[PDB]
Every structure is written in C-alpha cells, then in structure tokens.
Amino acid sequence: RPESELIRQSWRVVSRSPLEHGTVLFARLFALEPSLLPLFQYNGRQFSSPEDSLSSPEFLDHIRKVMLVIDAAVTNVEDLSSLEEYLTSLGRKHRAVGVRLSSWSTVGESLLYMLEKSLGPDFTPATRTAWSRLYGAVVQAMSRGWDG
C-alpha cells in the first residue's frame, strides 16, 4: 500500500528522536486541552502548569511509552487489527485515569501537529490523510475501551 509506506517513511523522521517529538505532542496537547494536565498524578500530585509536566521524569517516561505505542501502530499499519485488543485495553486504562472519549481526537490533532512540524514541506497532503487514518484507527481502538 502507498499510504502504508508514506506513514512508514514519515514516521522514521520522528522515530529518531522520540522524546523530542513526543515532547511536542504533549505541549500541543495541553495547549489545546488543558484539562488533561491533572490526570497525571505522579507521587499524588497534579502538575500546576504544563511546564511542570516536562520536568517530571515519569511524564517523560509516559511520552516514550506513547511513542512506542505509535511505533507499534506504524510497524503494523497494513494489519492493525493485530493491535486492536492491546489498544482497547490501553483505552480502558486511560478511561480510568480520566481521559474523555473526546480528548482522543485532540491527541490525534496533536499527533498530526507534531508530524507536520517535524516534516515541514514533507508533510504532503497525502501524508496528512494517511496519518489521520492511522491514528484514527488507533482511536477507533483506544475509544473502544470506553464500552459501553
């Protein structure tokens, strides 16, 4: 598939420095949805501001975790059914931490933003549309952990 190679090529760029790029994703994410901030509760405490998150070692671990799950979705872009059950369950984890179903889309905007920024001119509108579908399948699946 063409799509699937696009994602794969585009992804490599980001895969190189996943902490740096995941950092973009999350900054963007809290800029768009600041009510995600207090969901992280490392050592009982809420981050006050977004910049506090970037100073938490646990938060930066979570970014790495995030980017590895995206990795997996990338490896498996042609057959993504194969991560469905993982992701549903990842979804239910997150419903427990308090993420709303609607926050998921914001994560996808944030994910595309992080890509658009990384790829600059390279973020072709085919590239865009492919990610949007990928990450979209990833939430159709993370979203699944809300059921019923």
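Numbers follow the displayed sequence, beginning with 1.
Visitor: Looking at the entry, does 49-57 or 97-105 show the higher mean C-alpha B-factor?
Guide: According to the entry, 97-105 carries the higher average C-alpha B-factor.
Visitor: Take the C-alpha B-factors listed in the entry for 60-68 and for 119-127, compute each mean, and give the stretch with the larger one.
Guide: Mean B over CA atoms: larger for 119-127.
Visitor: Among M114, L39, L80, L87, where is the Cα temperature factor highest, going by the PDB entry?
Guide: If I rank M114, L39, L80, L87 by C-alpha B-factor, first place goes to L80.
Visitor: Ranking the modelled residues of this chain by C-alpha B-factor as given in the entry, is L19 in the lowest, middle or highest third?
Guide: Middle third - that is where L19 ends up once the chain's C-alpha B-factors are sorted.
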